[PDB]
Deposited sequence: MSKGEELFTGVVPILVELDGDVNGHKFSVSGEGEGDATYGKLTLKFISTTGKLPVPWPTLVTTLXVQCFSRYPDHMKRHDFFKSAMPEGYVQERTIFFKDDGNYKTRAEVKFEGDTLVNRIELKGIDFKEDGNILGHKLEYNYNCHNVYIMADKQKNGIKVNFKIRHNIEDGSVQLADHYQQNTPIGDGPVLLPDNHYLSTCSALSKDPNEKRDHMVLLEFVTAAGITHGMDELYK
């Protein structure tokens, strides 16, 4: 239970802005959409504003609002994300794609007025040029996964972990090992959960009326494990 929680009882409009630079390649992405935590549902649409993306759409999914996760009642006390609202939280990650480069990200998620805003910068290095990433060798798809959460009393927030399995055109799968940390931007109290995870599924598609490089995303998230 948290006041922040009261901010997500309805459908909330979403804002997404990303500035990134991978192996010097620069780009920007914008997303608009809405979230319905009651159903743990996200529906967003992403647009490249800088032309054909240097990396695949699927590698940016993680980066591109866990506060929209559906917390069943018996877990309401474990919802750091909502509790940090409206002030928000900073979400930082280091993502390692096996046998390739890595992304380092930092973002701020908070309300801006009535819109929940996800503001991110990303920096990627070491990609192998003809690698699955620079190679655009991944399938435009996505698996369900479990995101593990635990409290970080010293950070006054959480420590998050998981491993993304990206399907590869040759029928192989490439791993994107995720390390994440979240901390409150604000100074009010937050919920510091016992250990748990989020059951997450995403489905990507495309907008037939859309000319720019883009991604249509639908995602369902529900907390479990306590």
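Chemist: Unmodelled stretches of the deposited sequence, numbered from 1?
Modeler: 65, 228-236 are the stretches of the deposited chain that have no C-alpha coordinates in the structure.
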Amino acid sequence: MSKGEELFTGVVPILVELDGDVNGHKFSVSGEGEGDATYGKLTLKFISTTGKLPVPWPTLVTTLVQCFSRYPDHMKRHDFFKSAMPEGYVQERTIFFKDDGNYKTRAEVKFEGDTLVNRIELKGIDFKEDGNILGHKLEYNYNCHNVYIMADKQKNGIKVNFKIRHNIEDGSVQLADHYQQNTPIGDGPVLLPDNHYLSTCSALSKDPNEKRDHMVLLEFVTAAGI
From here on, numbers count along this sequence of modelled residues.
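Chemist: Averaging the C-alpha B factors as listed in the entry, name the stretch that ends up higher: 146-154 or 78-86.
Modeler: Taking the mean C-alpha B-factor of 146-154 and of 78-86, the larger value falls to 146-154.
Chemist: Can you let me know which of the two, 178-186 or 47-55, has the higher average C-alpha B-factor in the entry?
Modeler: Going by the record's values, the stretch with the higher mean is 47-55.
Chemist: Looking at the C-alpha B-factor values in the deposited entry, which of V109, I125, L122, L138 comes out highest?
Modeler: Reading the PDB entry, the winner on C-alpha B-factor is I125.
Chemist: Hey, what third does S30 fall into on Cα B-factor, ranked over its chain?
Modeler: According to the entry, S30 has a C-alpha B-factor in the chain's highest third.
Chemist: Lowest, middle or highest third: which one holds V22 when the chain's residues are ordered by CA B-factor from the entry?
Modeler: Highest third, going by the recorded CA B-factors of the chain.
Chemist: Should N118 be placed in the lowest, middle or highest third of its chain by the C-alpha B factor in the entry?
Modeler: For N118, the deposited C-alpha B-factor lands in the lowest third.
Chemist: Going by the entry, which third of its chain does the Cα temperature factor of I168 land in?
Modeler: Middle third of the chain for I168's C-alpha B-factor.
Chemist: Within this chain, which third does the Cα B-factor at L191 fall in: lowest, middle or highest?
Modeler: For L191, the deposited C-alpha B-factor lands in the middle third.
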